[PDB]
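What follows is the content of final.pdb (PDB, C-alpha atoms).
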MODEL        1
ATOM      1  CA  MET Z   1       0.000   0.000   0.000  1.00  0.00           C
ATOM      2  CA  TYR Z   2       1.660   3.067  -1.378  1.00  0.00           C
ATOM      3  CA  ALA Z   3       0.289   5.361  -4.030  1.00  0.00           C
ATOM      4  CA  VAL Z   4       1.564   8.347  -5.967  1.00  0.00           C
ATOM      5  CA  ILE Z   5      -1.111  11.052  -5.930  1.00  0.00           C
ATOM      6  CA  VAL Z   6      -0.673  14.496  -7.466  1.00  0.00           C
ATOM      7  CA  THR Z   7      -2.095  17.267  -5.295  1.00  0.00           C
ATOM      8  CA  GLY Z   8      -0.774  20.694  -6.167  1.00  0.00           C
ATOM      9  CA  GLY Z   9       1.490  20.442  -9.154  1.00  0.00           C
ATOM     10  CA  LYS Z  10       3.721  17.960  -7.329  1.00  0.00           C
ATOM     11  CA  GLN Z  11       3.408  14.333  -6.309  1.00  0.00           C
ATOM     12  CA  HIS Z  12       3.817  12.484  -3.053  1.00  0.00           C
ATOM     13  CA  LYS Z  13       4.583   9.146  -1.445  1.00  0.00           C
ATOM     14  CA  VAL Z  14       1.436   8.283   0.480  1.00  0.00           C
ATOM     15  CA  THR Z  15       1.081   5.236   2.727  1.00  0.00           C
ATOM     16  CA  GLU Z  16      -2.080   5.308   4.746  1.00  0.00           C
ATOM     17  CA  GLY Z  17      -2.551   7.144   8.038  1.00  0.00           C
ATOM     18  CA  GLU Z  18      -0.593  10.071   6.676  1.00  0.00           C
ATOM     19  CA  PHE Z  19      -0.544  13.340   8.534  1.00  0.00           C
ATOM     20  CA  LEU Z  20       0.522  15.052   5.342  1.00  0.00           C
ATOM     21  CA  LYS Z  21       0.858  18.738   4.516  1.00  0.00           C
ATOM     22  CA  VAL Z  22      -0.544  19.975   1.201  1.00  0.00           C
ATOM     23  CA  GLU Z  23      -0.709  23.471  -0.276  1.00  0.00           C
ATOM     24  CA  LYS Z  24      -4.012  25.224   0.302  1.00  0.00           C
ATOM     25  CA  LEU Z  25      -7.115  23.915  -1.459  1.00  0.00           C
ATOM     26  CA  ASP Z  26     -10.706  25.146  -1.489  1.00  0.00           C
ATOM     27  CA  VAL Z  27     -12.623  22.916   0.912  1.00  0.00           C
ATOM     28  CA  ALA Z  28     -13.793  23.304   4.503  1.00  0.00           C
ATOM     29  CA  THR Z  29     -12.567  21.353   7.538  1.00  0.00           C
ATOM     30  CA  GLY Z  30     -13.904  17.838   8.012  1.00  0.00           C
ATOM     31  CA  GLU Z  31     -14.806  17.004   4.419  1.00  0.00           C
ATOM     32  CA  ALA Z  32     -13.650  14.020   2.405  1.00  0.00           C
ATOM     33  CA  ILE Z  33     -11.475  14.439  -0.685  1.00  0.00           C
ATOM     34  CA  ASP Z  34     -10.982  11.963  -3.537  1.00  0.00           C
ATOM     35  CA  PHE Z  35      -7.756  11.980  -5.518  1.00  0.00           C
ATOM     36  CA  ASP Z  36      -8.238  10.664  -9.051  1.00  0.00           C
ATOM     37  CA  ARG Z  37      -4.716  11.544 -10.148  1.00  0.00           C
ATOM     38  CA  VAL Z  38      -2.880   8.467  -8.916  1.00  0.00           C
ATOM     39  CA  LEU Z  39       0.117   7.261 -10.912  1.00  0.00           C
ATOM     40  CA  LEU Z  40       1.225   3.922  -9.475  1.00  0.00           C
ATOM     41  CA  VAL Z  41      -0.461   1.553  -7.029  1.00  0.00           C
ATOM     42  CA  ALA Z  42       1.482  -1.092  -5.111  1.00  0.00           C
ATOM     43  CA  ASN Z  43       0.140  -3.749  -2.740  1.00  0.00           C
ATOM     44  CA  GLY Z  44       2.416  -6.182  -0.943  1.00  0.00           C
ATOM     45  CA  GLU Z  45       4.594  -6.814  -3.953  1.00  0.00           C
ATOM     46  CA  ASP Z  46       1.745  -6.478  -6.478  1.00  0.00           C
ATOM     47  CA  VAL Z  47       2.678  -3.181  -8.117  1.00  0.00           C
ATOM     48  CA  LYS Z  48       1.202  -1.598 -11.238  1.00  0.00           C
ATOM     49  CA  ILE Z  49       2.010   1.741 -12.861  1.00  0.00           C
ATOM     50  CA  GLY Z  50      -0.282   3.972 -14.845  1.00  0.00           C
ATOM     51  CA  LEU Z  51      -0.014   4.624 -18.495  1.00  0.00           C
ATOM     52  CA  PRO Z  52      -0.477   8.112 -17.682  1.00  0.00           C
ATOM     53  CA  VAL Z  53      -3.182   7.567 -15.044  1.00  0.00           C
ATOM     54  CA  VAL Z  54      -3.895   4.124 -13.605  1.00  0.00           C
ATOM     55  CA  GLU Z  55      -7.565   3.242 -13.988  1.00  0.00           C
ATOM     56  CA  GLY Z  56     -10.179   2.962 -11.262  1.00  0.00           C
ATOM     57  CA  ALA Z  57      -7.873   3.723  -8.339  1.00  0.00           C
ATOM     58  CA  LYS Z  58      -8.881   6.337  -5.790  1.00  0.00           C
ATOM     59  CA  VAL Z  59      -7.353   7.751  -2.641  1.00  0.00           C
ATOM     60  CA  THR Z  60      -9.723   9.093  -0.007  1.00  0.00           C
ATOM     61  CA  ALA Z  61      -8.444  11.858   2.246  1.00  0.00           C
ATOM     62  CA  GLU Z  62     -10.018  14.304   4.677  1.00  0.00           C
ATOM     63  CA  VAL Z  63      -8.932  17.693   5.968  1.00  0.00           C
ATOM     64  CA  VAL Z  64      -7.538  17.944   9.476  1.00  0.00           C
ATOM     65  CA  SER Z  65      -6.903  21.689   9.574  1.00  0.00           C
ATOM     66  CA  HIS Z  66      -5.620  24.846   7.950  1.00  0.00           C
ATOM     67  CA  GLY Z  67      -2.625  26.853   9.066  1.00  0.00           C
ATOM     68  CA  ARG Z  68       0.214  29.037   7.873  1.00  0.00           C
ATOM     69  CA  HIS Z  69       3.765  27.755   8.419  1.00  0.00           C
ATOM     70  CA  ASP Z  70       6.786  29.922   8.665  1.00  0.00           C
ATOM     71  CA  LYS Z  71       8.147  33.301   8.886  1.00  0.00           C
ATOM     72  CA  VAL Z  72      10.804  33.697   6.204  1.00  0.00           C
ATOM     73  CA  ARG Z  73      12.607  36.970   5.611  1.00  0.00           C
ATOM     74  CA  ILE Z  74      13.671  38.751   2.442  1.00  0.00           C
ATOM     75  CA  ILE Z  75      16.462  41.327   2.252  1.00  0.00           C
ATOM     76  CA  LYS Z  76      17.190  42.964  -1.080  1.00  0.00           C
ATOM     77  CA  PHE Z  77      20.419  44.858  -0.387  1.00  0.00           C
ATOM     78  CA  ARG Z  78      22.874  46.501  -2.775  1.00  0.00           C
ATOM     79  CA  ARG Z  79      26.201  47.515  -1.380  1.00  0.00           C
ATOM     80  CA  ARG Z  80      27.509  51.037  -1.908  1.00  0.00           C
ATOM     81  CA  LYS Z  81      24.348  52.201  -3.763  1.00  0.00           C
ATOM     82  CA  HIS Z  82      21.930  53.416  -1.016  1.00  0.00           C
ATOM     83  CA  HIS Z  83      19.210  50.789  -1.417  1.00  0.00           C
ATOM     84  CA  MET Z  84      17.753  48.226   0.978  1.00  0.00           C
ATOM     85  CA  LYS Z  85      14.309  46.674   1.071  1.00  0.00           C
ATOM     86  CA  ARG Z  86      12.644  44.112   3.338  1.00  0.00           C
ATOM     87  CA  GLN Z  87       9.502  41.998   3.223  1.00  0.00           C
ATOM     88  CA  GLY Z  88       8.028  39.120   5.196  1.00  0.00           C
ATOM     89  CA  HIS Z  89       6.276  36.010   4.017  1.00  0.00           C
ATOM     90  CA  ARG Z  90       4.152  33.251   5.519  1.00  0.00           C
ATOM     91  CA  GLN Z  91       2.719  30.560   3.259  1.00  0.00           C
ATOM     92  CA  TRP Z  92      -0.640  28.867   3.750  1.00  0.00           C
ATOM     93  CA  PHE Z  93      -0.940  25.092   3.839  1.00  0.00           C
ATOM     94  CA  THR Z  94      -3.531  22.402   4.473  1.00  0.00           C
ATOM     95  CA  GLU Z  95      -2.927  19.351   6.633  1.00  0.00           C
ATOM     96  CA  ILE Z  96      -4.912  16.342   5.429  1.00  0.00           C
ATOM     97  CA  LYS Z  97      -5.057  12.677   6.365  1.00  0.00           C
ATOM     98  CA  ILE Z  98      -5.266   9.668   4.065  1.00  0.00           C
ATOM     99  CA  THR Z  99      -7.823   6.980   4.932  1.00  0.00           C
ATOM    100  CA  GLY Z 100      -7.413   5.982   1.373  1.00  0.00           C
ATOM    101  CA  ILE Z 101      -5.873   3.460  -0.824  1.00  0.00           C
ATOM    102  CA  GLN Z 102      -8.201   1.744  -3.280  1.00  0.00           C
ATOM    103  CA  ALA Z 103      -6.578  -0.481  -5.879  1.00  0.00           C
TER     104      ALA Z 103
ATOM    105  CA  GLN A   2     -17.551  65.943  20.065  1.00  0.00           C
ATOM    106  CA  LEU A   3     -13.981  67.223  20.123  1.00  0.00           C
ATOM    107  CA  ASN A   4     -13.011  63.544  20.185  1.00  0.00           C
ATOM    108  CA  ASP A   5     -14.684  63.194  16.793  1.00  0.00           C
ATOM    109  CA  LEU A   6     -14.167  65.790  14.113  1.00  0.00           C
ATOM    110  CA  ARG A   7     -11.413  66.049  11.501  1.00  0.00           C
ATOM    111  CA  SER A   8     -10.871  67.917   8.263  1.00  0.00           C
ATOM    112  CA  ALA A   9     -11.450  66.965   4.643  1.00  0.00           C
ATOM    113  CA  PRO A  10      -9.302  64.387   2.802  1.00  0.00           C
ATOM    114  CA  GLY A  11      -6.440  66.221   1.145  1.00  0.00           C
ATOM    115  CA  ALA A  12      -6.834  69.510   2.998  1.00  0.00           C
ATOM    116  CA  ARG A  13      -3.832  68.847   5.238  1.00  0.00           C
ATOM    117  CA  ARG A  14      -0.446  67.480   4.231  1.00  0.00           C
ATOM    118  CA  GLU A  15       2.474  66.561   6.379  1.00  0.00           C
ATOM    119  CA  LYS A  16       5.729  68.441   5.447  1.00  0.00           C
ATOM    120  CA  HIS A  17       8.281  65.925   4.204  1.00  0.00           C
ATOM    121  CA  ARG A  18      11.485  66.007   6.276  1.00  0.00           C
ATOM    122  CA  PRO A  19      14.658  65.643   4.213  1.00  0.00           C
ATOM    123  CA  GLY A  20      17.501  63.712   5.731  1.00  0.00           C
ATOM    124  CA  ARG A  21      15.932  60.753   7.561  1.00  0.00           C
ATOM    125  CA  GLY A  22      16.335  57.122   6.628  1.00  0.00           C
ATOM    126  CA  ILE A  23      16.654  55.528   3.232  1.00  0.00           C
ATOM    127  CA  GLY A  24      13.108  54.254   2.851  1.00  0.00           C
ATOM    128  CA  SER A  25      11.503  57.687   2.877  1.00  0.00           C
ATOM    129  CA  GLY A  26      13.088  58.723  -0.392  1.00  0.00           C
ATOM    130  CA  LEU A  27      14.761  61.933   0.757  1.00  0.00           C
ATOM    131  CA  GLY A  28      17.591  60.427   2.733  1.00  0.00           C
ATOM    132  CA  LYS A  29      21.260  61.433   2.786  1.00  0.00           C
ATOM    133  CA  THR A  30      20.906  64.361   0.393  1.00  0.00           C
ATOM    134  CA  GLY A  31      17.448  65.897   0.555  1.00  0.00           C
ATOM    135  CA  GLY A  32      16.838  66.328  -3.133  1.00  0.00           C
ATOM    136  CA  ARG A  33      19.883  68.457  -3.839  1.00  0.00           C
ATOM    137  CA  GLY A  34      22.099  66.021  -5.689  1.00  0.00           C
ATOM    138  CA  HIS A  35      25.861  66.116  -5.470  1.00  0.00           C
ATOM    139  CA  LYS A  36      28.725  68.648  -5.391  1.00  0.00           C
ATOM    140  CA  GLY A  37      28.302  72.168  -6.677  1.00  0.00           C
ATOM    141  CA  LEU A  38      26.745  75.466  -5.798  1.00  0.00           C
ATOM    142  CA  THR A  39      23.111  74.416  -5.487  1.00  0.00           C
ATOM    143  CA  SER A  40      24.075  71.751  -2.964  1.00  0.00           C
ATOM    144  CA  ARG A  41      25.533  73.834  -0.154  1.00  0.00           C
ATOM    145  CA  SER A  42      24.322  76.117   2.611  1.00  0.00           C
ATOM    146  CA  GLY A  43      23.141  79.240   0.862  1.00  0.00           C
ATOM    147  CA  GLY A  44      23.466  78.001  -2.676  1.00  0.00           C
ATOM    148  CA  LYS A  45      21.524  80.950  -3.993  1.00  0.00           C
ATOM    149  CA  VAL A  46      22.083  81.904  -7.569  1.00  0.00           C
ATOM    150  CA  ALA A  47      21.397  85.624  -7.890  1.00  0.00           C
ATOM    151  CA  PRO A  48      18.210  86.397  -9.847  1.00  0.00           C
ATOM    152  CA  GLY A  49      18.809  87.272 -13.464  1.00  0.00           C
ATOM    153  CA  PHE A  50      22.392  86.007 -13.448  1.00  0.00           C
ATOM    154  CA  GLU A  51      23.131  83.872 -16.474  1.00  0.00           C
ATOM    155  CA  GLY A  52      26.673  82.719 -15.888  1.00  0.00           C
ATOM    156  CA  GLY A  53      28.631  85.479 -17.539  1.00  0.00           C
ATOM    157  CA  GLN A  54      26.738  86.061 -20.744  1.00  0.00           C
ATOM    158  CA  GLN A  55      25.305  89.550 -20.865  1.00  0.00           C
ATOM    159  CA  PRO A  56      21.851  89.282 -19.205  1.00  0.00           C
ATOM    160  CA  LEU A  57      18.538  90.354 -20.777  1.00  0.00           C
ATOM    161  CA  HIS A  58      18.027  93.396 -18.585  1.00  0.00           C
ATOM    162  CA  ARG A  59      21.404  94.839 -19.666  1.00  0.00           C
ATOM    163  CA  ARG A  60      21.060  94.312 -23.421  1.00  0.00           C
ATOM    164  CA  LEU A  61      17.849  96.027 -24.234  1.00  0.00           C
ATOM    165  CA  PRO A  62      17.260  99.788 -24.364  1.00  0.00           C
ATOM    166  CA  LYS A  63      15.547 101.903 -21.761  1.00  0.00           C
ATOM    167  CA  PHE A  64      12.462 103.394 -23.376  1.00  0.00           C
ATOM    168  CA  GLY A  65      10.072 104.535 -20.681  1.00  0.00           C
ATOM    169  CA  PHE A  66       8.618 107.835 -19.481  1.00  0.00           C
ATOM    170  CA  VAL A  67       6.203 108.248 -16.569  1.00  0.00           C
ATOM    171  CA  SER A  68       4.197 111.416 -16.991  1.00  0.00           C
ATOM    172  CA  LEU A  69       2.735 112.576 -13.746  1.00  0.00           C
ATOM    173  CA  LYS A  70      -0.897 112.902 -14.612  1.00  0.00           C
ATOM    174  CA  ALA A  71      -2.143 109.343 -14.407  1.00  0.00           C
ATOM    175  CA  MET A  72      -1.746 109.696 -10.628  1.00  0.00           C
ATOM    176  CA  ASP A  73      -5.026 111.619 -10.703  1.00  0.00           C
TER     177      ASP A  73
ENDMDL
END

Could you quickly redo this structure as structure tokens?
Amino acid sequence: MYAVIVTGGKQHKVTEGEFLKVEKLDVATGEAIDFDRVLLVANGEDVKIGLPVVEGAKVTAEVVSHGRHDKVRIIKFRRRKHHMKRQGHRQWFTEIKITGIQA
Amino acid sequence: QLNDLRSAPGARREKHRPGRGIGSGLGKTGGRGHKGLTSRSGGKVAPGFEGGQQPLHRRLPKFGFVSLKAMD
């Protein structure tokens, strides 16, 4: 039981139970999500890969929470030229949980 | 209420202070530039001075006359 699902322009290595952090998606908290963009499904040793998408397979996940992890800093400095500029950034995310794999 | 009222938007401005910081835009020079006359304390060019070329008000002829009688 491991799948390769594609959430947000990037794919993952999901094996069920999965407190897994995804970029922010438009759904409330406590709703079930189906991923239909799975690329290979393995089971025991029985492993099959998708010509582009493997057929029939779904991964069921549900949203634990929302949050916003970090505080990264930006300094755009030029020496000897009288210029300096700062800016903060915190990126949203969405923690989900896989109760998923369906071959 | 004196705790309430304030003027119209745009009626008051806030007198930009040259020489503070780098973010404000006026720092380290105050809009003057670099070396020269109009960069120093009392960099006043005299009015009408051109640089050494003969100015306008010393090339053209005097031509007036003031009568007296338009004072009445």

For this session: Decode the ChimeraX specification (/A :<12) & /Z for the given file into explicit residues and return them as number ranges by chain.
Result: Z: 77, 81-86

Could those residues be written to a file, using C-alpha atoms, as a CSV table (one decimal), in the frame of the given file?
chain,number,residue,atom,x,y,z
Z,77,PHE,CA,20.4,44.9,-0.4
Z,81,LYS,CA,24.3,52.2,-3.8
Z,82,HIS,CA,21.9,53.4,-1.0
Z,83,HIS,CA,19.2,50.8,-1.4
Z,84,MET,CA,17.8,48.2,1.0
Z,85,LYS,CA,14.3,46.7,1.1
Z,86,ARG,CA,12.6,44.1,3.3

Using all atoms listed in the file, find each residue in range 56-77 of chain Z having at least one atom no more than 8 Å away from range 16-35 of chain Z; report its shortest atom-to-atom pair and that distance in Å (one decimal), rows by chain then rising number, as a tab-separated table.
residue	atom	partner	partner_atom	distance
Z:58	CA	Z:35	CA	5.8
Z:59	CA	Z:35	CA	5.1
Z:60	CA	Z:34	CA	4.7
Z:61	CA	Z:33	CA	4.9
Z:62	CA	Z:32	CA	4.3
Z:63	CA	Z:30	CA	5.4
Z:64	CA	Z:29	CA	6.4
Z:65	CA	Z:29	CA	6.0
Z:66	CA	Z:29	CA	7.8

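Nearest residue to residue 5 in chain Z, choosing from Z:95, Z:90, Z:102, Z:68 and counting all atoms listed in the file: Z:102.
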
Problem set entry | Residues within 7 Å of range 30-38 of chain A, only C-alpha atoms, excluding chain neighbours under 5 positions, as number ranges by chain | A: 19-20, 44

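We find CA of residue 46 in chain Z and CA of residue 100 in chain Z to be spaced 17.3 Å apart.
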
Problem set entry | d(CA of residue 53 in chain Z, CA of residue 39 in chain Z) in Å | 5.3 Å

Problem set entry | Contact residues around residue 49 in chain Z with all atoms listed in the file at 9 Å, ignoring same-chain residues under 5 positions, as number ranges by chain | Z: 39-42, 54

Centre and edges of the range 49-59 of chain Z box, axis-aligned, 6 Å extra per side, as JSON:
{"center_x": -4.1, "center_y": 4.9, "center_z": -10.6, "size_x": 24.2, "size_y": 18.4, "size_z": 27.9}

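Of the listed residues (Z:12, Z:37, Z:48, Z:89), Z:89 comes nearest to residue 70 in chain Z; the distances count all atoms listed in the file.
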
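When CA of residue 56 in chain Z is paired with CA of residue 103 in chain Z, their separation reads 7.3 Å.
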
Exercise. From the set Z:51, Z:98, Z:57, Z:72, which residue has the shortest atom-to-atom contact distance to residue 13 in chain Z, counting all atoms listed in the file?
Worked result: Z:98

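Closest approach to residue 15 in chain Z among Z:99, Z:73, Z:88, Z:93: Z:99, based on only C-alpha atoms.
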